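Asks: This is the structure I have questions about; it appears just below.
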Amino acid sequence: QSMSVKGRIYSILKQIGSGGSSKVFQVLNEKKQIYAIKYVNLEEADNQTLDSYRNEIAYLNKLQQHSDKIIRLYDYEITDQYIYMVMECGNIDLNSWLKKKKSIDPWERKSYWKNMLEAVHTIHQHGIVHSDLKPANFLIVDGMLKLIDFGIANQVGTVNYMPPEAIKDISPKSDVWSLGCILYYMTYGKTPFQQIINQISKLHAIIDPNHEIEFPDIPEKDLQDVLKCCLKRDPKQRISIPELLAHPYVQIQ
Ligand SMILES: c1cc2c(cn1)cnc1sccc12
């Protein structure tokens, strides 16, 4: 099959993912280069959803120039009926990659972490708080992690990465909580609260200071401190991203 985004023609190779009303495909242009096209159906879209879409796009377009850890958006076609986005094609999302591999290399992880701070830090600088980070939001492209979205436009639902303040009902400290959970999953093989099935009981645990989050002793003592810093329930007493980018775990060999 085929499709035309603006002037250019893109041959469909396979379907990467489907959000629901959205379909992501892997494509080829006339110069035979591989891309990822996102189809969005505006047929049953409120003017609020429309606005979230337009906002999320402009931001993704604006933030292209700032960080290389933000998915390349090459071109787009937008009508009253649909959205087409010509983005860079990654190998796999962090979630599926983590879900498959049993052993994660301390370097691969330290590297991925550094890429995760750079991405979140850039959206933060422009005023954005992602508010709902998950490994699904990150995409590996040439051993380099890239942020897919900014959680502006309307794995999903998962409360395992939710900060206590989001549950108590939101500042950059909320994204620090989530990022730490991601690291905790790449460190301990589970999210801090993955151990508790019942979603209501899982929620009571995040907001419970007496329910101690365990940090089992590891060779990377620095990595343990980062987790201990990110997973502090009081946003007031949680590490900031500029502070994390200067932590020994990230800076020291
Ligand atoms: C959304 C999702 C992806 C993308 C661009 N937008 C590019 N490559 C890949 S590989 C697995 C998911 C995706």
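Along the chain as shown, residues are numbered 1 onward.
Recorded method for this deposit: X-ray crystallography, 3.1 Å.
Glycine is no exception: its Cβ is also placed from the backbone N, Cα and C atoms.
Below, the features straight out of Swiss-Prot:
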type	residues	note
ACT_SITE	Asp132	active site, proton acceptor
BINDING	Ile16, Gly17, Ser18, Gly19, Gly20, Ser21, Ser22, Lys23, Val24, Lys38	ATP binding site
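For reference, the PDB entry lists these features for the protein:
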type	residues	note
SEQADV	1-3	expression tag
Asks: Can you name every residue in this chain, apart from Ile16, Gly17, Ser18, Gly19, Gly20, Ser21, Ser22, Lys23, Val24, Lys38, with its Cβ inside 8 Å of the center of the Cβ atoms of the recorded ATP site?
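Replies: Going along the sequence, the neighbours appear as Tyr39, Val40.
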Asks: What is the biggest Cα to Cα gap, in Å, among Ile16, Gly17, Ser18, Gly19, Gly20, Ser21, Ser22, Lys23, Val24, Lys38, the residues listed as binding ATP?
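Replies: Looking at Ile16, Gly17, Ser18, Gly19, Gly20, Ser21, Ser22, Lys23, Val24, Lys38 as a set, their Cα atoms extend up to 14 Å apart.
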Asks: Between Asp132 (active site, proton acceptor) and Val24 (ATP binding site), what C-alpha distance do you get in Å?
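Replies: About 21 Å separate the Cα atoms of these two residues.
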Asks: Work out, from DSSP, the number of helix, strand and coil residues along the expression tag (1-3).
Replies: 0 helix, 2 strand, 1 coil
Asks: Please check each of the recorded positions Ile16, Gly20, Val24, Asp132 and report the ones with a CB atom less than 6 Å from an atom of ligand 1, ordered along the sequence.
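Replies: Checking each Cβ against ligand 1, the ones under 6 Å are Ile16, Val24.
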Asks: If you measure from the Cα of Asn154 to the Cα of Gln155, with 13 residues left unbuilt in between, what do you get in Å?
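Replies: Once the 13 missing residues are skipped, the Cα atoms sit 15 Å apart.
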Asks: Pick the one among the binding-site residues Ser18, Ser22 whose Cβ has the fewest other Cβ atoms within 10 Å in this structure.
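Replies: Comparing Cβ neighbours within 10 Å for the binding-site residues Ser18, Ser22, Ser18 has the fewest.
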Asks: Need the DSSP three-state call for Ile16 (ATP binding site) to compare against my parser.
Replies: strand
